[PDB]
């Protein structure tokens, strides 16, 4: 069955089941179908021949999902733009893409863009005006036609197709041990593809998306009360977000008695975090997945068990889905032998058809191999019997003491030290070269009476792992590590405040 049909199926079998919920606003599979049908019909009547991508502005309102499906039912790809995206980048996206329409949940603040803006009331009138109407079944985006276009920080628009999303979703449902009618957490803003990991697997299995917004996360007591009521079963988020929840004593099986599946992607998953989770949720399975946005969310996955925890101090990123394959490459097109590190490369139906209008950018990253699209991740790693390991981004490989060290690796051994609960390394550069490393750490419990004593203890244990030239010169301590709007470590913010 087509992707949409797998979804529309629940509108029929389970019409009154909650499809999406954000705070008090809820929508059933029936309304979702009904309203997205009406929106699609409208889009077609307004743009009979055009199929340009459509922007969908908002945060966590149910209209975001209604609008996405409406856009694709009419043959248009959608571009999720979260309220957190700076206005300048939003305008860029407006002209960058060929978008001629922007649908908005709430009020659209960003200074007028060069597109037609349908918002708030306008959108409501459409659902009302076109209620009952249905789109031409044959207008639904298909095959290699764009489904959604999510942008890179900057600003490149990765084009994900129907076939791409179908390949990811089919895999996700299969190997993530998903069932039907489960409640899926949604922590990631829609302009971050990690959200796709829960949105579609949930919709095709008739689950319930339980959204957590930005303000709620800023007010911990609300977040946790919300989690206590969610009855979430499938947790999809970045490692950093789980860890912050973990900093909360009551966050365990007690708060989420039905938790059964954790899905992590986007950054390094600390062995300890997975450890605490396995402990706090003995009934749950932990999955670590890896992948860039250019390859449709994630391509590798592995069940992180105590066993894996016991034999892998540094957790692996998983096995590649069978319809794709991985390649590790060194200096030249030299395909490194299993065990050796090189840049990770992905090939298969998951790979993006390339950046939106920029054969210049699509040039270096994307290529063809035996007829299949391929993408260079910019990530360093290696394979061992089909199991992929992540070392770090090629860019976070710095040059100090005429020695080459990797940010991610140092952070790992640092995290391993006593008294260190959270840690990030900020490479400080004097002039145009890297002068020294600054360690920002969230201290665990301790009895030191003076800061210098704590820093000496950590540096001493750290020197038991890493060479002396890898040990950061300066340490700084704070109550928490900042997360960007996507839930990832805010390295930019950190470097900004080390400078200041």
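Positions refer to the first chain, counted from 1.
Checked against the other entries of this protein, residue 62 counts as resolved in every one of those spanning it, not missing from a third of them. Modelling of residue 136 is complete across the other compared entries in which both of its neighbours are modelled; not even a third of them leave it out. Gap check for residue 359 to residue 360: zero deposited residues are absent from the model. Taking the PDB entry as given, 367-375 carries the higher mean Cα B factor of the two stretches 367-375 and 298-306. Stretches 307-315 and 237-245 differ in mean CA B factor, with 307-315 having the higher one. Going by the entry's values, 99 shows the largest Cα B-factor out of 77, 99, 199, 346. For the set 270, 266, 114, 206, the PDB entry assigns the largest Cα B-factor to 114. Ranked by Cα temperature factor within the chain, residue 51 sits in the highest third according to the deposited record. Sorting the modelled residues of the chain by their CA temperature factor places residue 418 in the middle third. Among all modelled residues in its chain, residue 281 ranks in the middle third by Cα B-factor. Looking at the C-alpha B-factors along this chain, the one for residue 325 belongs to the lowest third. Residue-level temperature factors show residue 468 in the middle third of its chain, judged at the C-alpha atom.
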